[PDB]
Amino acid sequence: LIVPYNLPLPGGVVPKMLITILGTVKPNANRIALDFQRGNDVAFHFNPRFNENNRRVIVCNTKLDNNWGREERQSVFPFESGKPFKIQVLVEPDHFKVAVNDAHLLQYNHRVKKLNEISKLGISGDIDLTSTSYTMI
C-alpha cells in the first residue's frame, strides 16, 4: 500500500461506519494526516505532528475550498517513530470518534453536515501502511 493512499468511500460516510487503519510510523517521523474529502472541501483533517516547537500535538480541522477553519488542538499523542499503530474512526451522527491502539483519543464535531457526500479518505505522511478496512452498514 503506497502512501499517500486514497481509500474510496463510494457509499459516502454513514453513521456507525468504522474505518480501521493499520500501519507503522517511520523513523524520524515529522507528521501523519487523515483527510476525509467532500468535493472541494476536507470534511475532517486529523494531523498528528511530531514536533511543533518541541511538543507533539494533533491538529484537527475542516477546509472549505482554500480556507481552513478554527483549529482544534489536542496533546494526547500515542504514536511513536518505528512503532506499529492502529487508528480507528467511528462515525456518529454528531461527531467522528477517533481511537488509536484500542484506546479513545478524541471526538471531532461534524462541520460538513452532508455525510453521504464524503466520498474519499486520504492517508498520508510518515507512515508505512499495512491494511485498511471499513464497514459500510
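Residue numbers run from 1 along the displayed sequence.
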item: Stretch with the higher entry mean CA B-factor, where the candidates are 99-107 and 50-58; value: 99-107
item: Higher-scoring stretch by recorded Cα B factor average, 80-88 or 27-35; value: 80-88
item: Position of residue 71 among the chain's modelled residues by C-alpha B-factor, lowest, middle or highest third; value: lowest
item: Where the record places residue 129 (Cα B-factor, split into thirds across the chain); value: highest
item: Cα B factor band for residue 123 (lowest, middle or highest third within the chain); value: lowest
item: Assigned third (lowest, middle, highest) for the C-alpha B factor of residue 94; value: lowest
item: Record-listed C-alpha B factor of residue 19: chain third; value: lowest
